[PDB]
Amino acid sequence: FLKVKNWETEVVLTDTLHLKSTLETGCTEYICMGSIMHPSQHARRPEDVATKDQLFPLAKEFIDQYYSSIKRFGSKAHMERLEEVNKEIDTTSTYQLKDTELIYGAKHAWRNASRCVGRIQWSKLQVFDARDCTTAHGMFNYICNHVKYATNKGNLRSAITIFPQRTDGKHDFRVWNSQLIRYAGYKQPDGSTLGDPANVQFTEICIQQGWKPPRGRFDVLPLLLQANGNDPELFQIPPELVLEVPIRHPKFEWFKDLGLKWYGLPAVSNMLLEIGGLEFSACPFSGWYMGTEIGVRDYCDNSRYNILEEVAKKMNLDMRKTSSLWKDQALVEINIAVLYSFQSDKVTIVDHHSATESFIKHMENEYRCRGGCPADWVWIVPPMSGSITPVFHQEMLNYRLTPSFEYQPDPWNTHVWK
Amino acid sequence: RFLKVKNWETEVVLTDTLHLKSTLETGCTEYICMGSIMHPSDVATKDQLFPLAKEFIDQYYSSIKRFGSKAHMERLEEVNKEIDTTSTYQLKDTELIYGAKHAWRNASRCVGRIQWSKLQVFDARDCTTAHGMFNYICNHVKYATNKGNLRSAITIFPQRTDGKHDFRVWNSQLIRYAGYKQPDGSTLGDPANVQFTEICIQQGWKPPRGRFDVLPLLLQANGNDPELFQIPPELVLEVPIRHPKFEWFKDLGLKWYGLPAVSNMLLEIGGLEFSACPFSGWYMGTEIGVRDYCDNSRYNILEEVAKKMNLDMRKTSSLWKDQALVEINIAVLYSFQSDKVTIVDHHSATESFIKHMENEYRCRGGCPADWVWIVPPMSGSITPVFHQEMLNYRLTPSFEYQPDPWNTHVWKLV
Ligand code: HEM
Ligand code: HEM
Ligand SMILES: Cc1cc(N)nc(COc2cc(CCN(C)C)cc(F)c2F)c1
Ligand SMILES: Cc1cc(N)nc(COc2cc(CCN(C)C)cc(F)c2F)c1
Ligand SMILES: C[C@H](O)[C@H](O)[C@H]1CNc2nc(N)[nH]c(=O)c2N1
Ligand SMILES: C[C@H](O)[C@H](O)[C@H]1CNc2nc(N)[nH]c(=O)c2N1
Ligand SMILES: [Zn+2]
């Protein structure tokens, strides 16, 4: 057992759930890597098709956990299912998840996402089974429906769409986009950058793939879909499905004249979903934004939109030195605008005070019913106003549970074309 | 066997070989990370003290490029002679200064480490009484405060012997305001220090029962009962907090002290334990302005400032707390600069610390850092340490925590 204390309320939780931890965190008792982006390459099976003694033990574990979840350990259906995975693996070197197993594993991957502040909602995920897809066109149909359903005219709903699992590796389904909706980034001739600088390499892949770019600041990027390992394919998301919020300020009338907007749907599309030894290399999932993701990081990182110096000018701020806190002060007004805009257009959005409060409650709930909750303090603490949110003063144990979401290399580094 | 760290903003990559040296446990395991735990997990005999001593002397003579030398080998023999016959040994003045400087340098949670080498070390190992401790500490303060041009300093008192004759400063910092719990449940002054205020009052302190009463020193020498001493007012530099734009801000009546002086930590060198070792530098703005003034368990002036800003304090998505918080830290920096009291803001400090980190990688092979503590408690993302990965390990000499003296001391009067 390992206790965790809240240094603001003195609540102490007692974690036993960590004992079911399978993968290495990256830490040793002599060195802590809690601030490394990807601390560990400890996967669960070799990079392409594993052998029977490699795959079944992972499969046996998940099926065990799922039947144990529904209070049917060792039942008729449980024992039959193991034997069924046994024969599938025998004759296909893989196995196929039942519909309910798919939904259980997808929801529980979200649940063990040690980095997601927005997990109090985990069991309310909508799972779209796309395991029957065969082409990039079909991938585009599935994604498009995802976006309509999730967006819900602004009343956002969490959803994941799950494309066929990895087989041998040279037949992967991928979304080459990192998120379903991102603006483009163009390397200007004078060395500067128009649009979103994180997406310059991807914006150039799209150009070199055929995309006519409008060469602006908020060009929604094309989807770039790969099916069954083949060459990826450009599709344009119908604009009427890309709900966008223009950013204005509840006080500074001049703010709208900055011509800033952002998209209302955050949909991570480049990660890998891992259930019982199976690897779903294409599993786009979406929810709704915490304000700070847009207004702190997207707008105010140096390597991102860097609107800070611009907004500070209009604020008439002494930018001669740092000790004036002109960056701090504009950062707040920006994140004030971003919130007030989304709420004004009735687009779902949550502020960092409301969401962190929820996660404290979610930790309670979890510790009380599950015996723990994995939590990555470095990522949970919002990137502005850290200590005036509850999460800051909350001790967090971090450990890796399966099912889970895993990083994976960008498909263009590992894809020989045709 | 190297370990790399990346800055996801600049994309600089640093190679850490220093982590091999460490031998003290972080608290993590291979399957759980304890990087957000505030505190993870009588005194040492002869046999534990030999290697620790050897370790330290070895690393010291290496730093002065004299490893293997006659002076190195004779020192070791001398150190063993002492432990062999008194179960302890005594650091040289050179080693004491080296050790103290490196304990700071090795403080993975300190962002201000770029100045580690400029420490002024005051040896107080000859002290024997609480009055002696008060004298030494008063000199510390006058020196460190330096009429506002603050200077880093440490004062090191006699080492632990049997855990029964221990010097301690009961004070957690050398200058802290007092806090009193009122009948009605309201709290006057600093609520952090309420329990310590009660300990003092009980021991004879006659409190002014105001909002900013400098507490007294509660000084323990040689394991005896501690003793009360009032720092001379003329040595406590204080800053009245005003705001460059908001005229009304002075009326809040806030002030803060100028000298941050940590006193309840243990300094560990060569297996020796220095249980009283107050140290001091200057302040980063956020330590007063975010945590001292705006934590809920503390002075909690957020409510009061936002009223005097006419902010909408109903819903949270108005970000009134964020907005007031910036202003309070604008005020705490402006106030110090005007009175020409040394202070660094969180932008400048993080900036410097990245430079420090990079230099420490070059010359030394790494630098242990605790991203949880290095990232400031406001505007984290727009400081460069946010985008900087950091390896964390425990190098000795180090500053450790120790239990609060009032939990473990056994009294003697009447
Ligand atoms: C519904 C509202 C949600 C909110 C407000 C939210 C918020 C966040 C935030 C702030 C992060 C930190 C990373 C960053 O700042 O970019 C994060 C990480 C993450 N979230 Fe959520 N999220 C939500 C829903 C979801 C859903 C629906 C899923 C999957 C079904 C998910 C899975 C993840 C994963 C995998 C990570 C990162 C883990 C890693 O990098 O190892 N989140 N989330
Ligand atoms: C000179 C200017 C200095 C600045 C601006 C500075 C700043 C900081 C800050 C912000 C922290 C985080 C702790 C908190 O916020 O509560 C810290 C921690 C720390 N400082 Fe420094 N500091 C300075 C000098 C020193 C000196 C002179 C020493 C000792 C010789 C020292 C030893 C430490 C230690 C040991 C910690 C870590 C506490 C722990 O591990 O729990 N610092 N410092
Ligand atoms: C569903 C959802 C909702 C929401 N409101 N926010 C998010 C943020 O999702 C992620 C963001 C990053 C950025 C990491 N950086 C290296 C680019 C990495 C991940 F693994 C994520 F899952 C997701
Ligand atoms: C010399 C110096 C300068 C400076 N500007 N700041 C500091 C802050 O050092 C510490 C602060 C805390 C606060 C931890 N909280 C529970 C109250 C605990 C420690 F052990 C520290 F060493 C020191
Ligand atoms: C170096 C550091 O680990 C890195 O910048 C992390 C810090 N914490 C984060 N927290 C969130 N929510 N998102 C991030 O991308 C990061 N980046
Ligand atoms: C629970 C968590 O570890 C705790 O609130 C820490 C986080 N980081 C911190 N960082 C600093 N500088 N000071 C602190 O007191 C803390 N508190
Ligand atoms: Zn760790």
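Each chain gets a letter, A, B and so on, in the order its sequence line appears, and its residues count up from 1. Every number for a ligand or one of its atoms is a count from 1 in the order of the listing.
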Self-check item: Residue B/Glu238 excluded, over 12 heavy atoms near CD under 6.0 Å
Solution: yes
Quiz prompt | Non-neighbouring partners of A/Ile36 that pass side chain to side chain contact (heavy atoms under 4.5 Å, CB included), sequence neighbours left out | solution = A/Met33, A/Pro39, B/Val5, B/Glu389, B/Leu391
Tabulate distances under 3.5 Å between N/O atoms of ligand 2 and N/O atoms of the protein, writing both atom names on each line.
residue: ligand 2; atom: 41 (O); partner: B/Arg109; partner atom: NH1; Å: 3.3
residue: ligand 2; atom: 41 (O); partner: B/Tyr401; partner atom: OH; Å: 2.2
residue: ligand 2; atom: 42 (N); partner: B/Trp104; partner atom: NE1; Å: 3.3

Exercise. Answer with yes or no after comparing the ring centroid distance for A/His38 and B/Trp8 against a 6.0 Å cut-off, counting only values under it.
Key: yes
Exercise. Please say whether the positively charged group of A/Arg157, taken as NZ for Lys or CZ for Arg, lies over the ring of A/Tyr149, i.e. under 6.0 angstrom from the six-membered ring centre and within 45 degrees of the axis.
Key: yes
Quiz prompt | Results of ring pair (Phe, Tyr, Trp, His ring centres under 6.0 Å) for B/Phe279 - residues two or more places apart only | solution = B/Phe399
May I have every N or O pair linking ligand 3 to the protein at under 3.5 Å, one per line with atom names and distance?
residue: ligand 3; atom: 5 (N); partner: A/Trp288; partner atom: O; Å: 2.6
residue: ligand 3; atom: 5 (N); partner: A/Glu293; partner atom: OE2; Å: 2.7
residue: ligand 3; atom: 6 (N); partner: A/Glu293; partner atom: OE1; Å: 2.7
residue: ligand 3; atom: 6 (N); partner: A/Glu293; partner atom: OE2; Å: 3.4

Quiz item: Thinking salt bridges, do B/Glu360 and B/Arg105 make one under a 4.0 Å N-O criterion?
Solution: yes
Self-check item: Pair B/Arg394 + B/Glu400: basic N to acidic O under 4.0 Å
Solution: yes
Exercise. For the residue pair A/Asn306 and A/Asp301, establish whether any side-chain heavy-atom pair is separated by less than 4.5 Å.
Key: no
Quiz prompt | Stepwise side chain to side chain contact (heavy atoms under 4.5 Å, CB included) check, B/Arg176 with B/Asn171 | solution = CA-CA 8 Å; B/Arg176 298 203 72 166; B/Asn171 298 77; over 6 Å; no
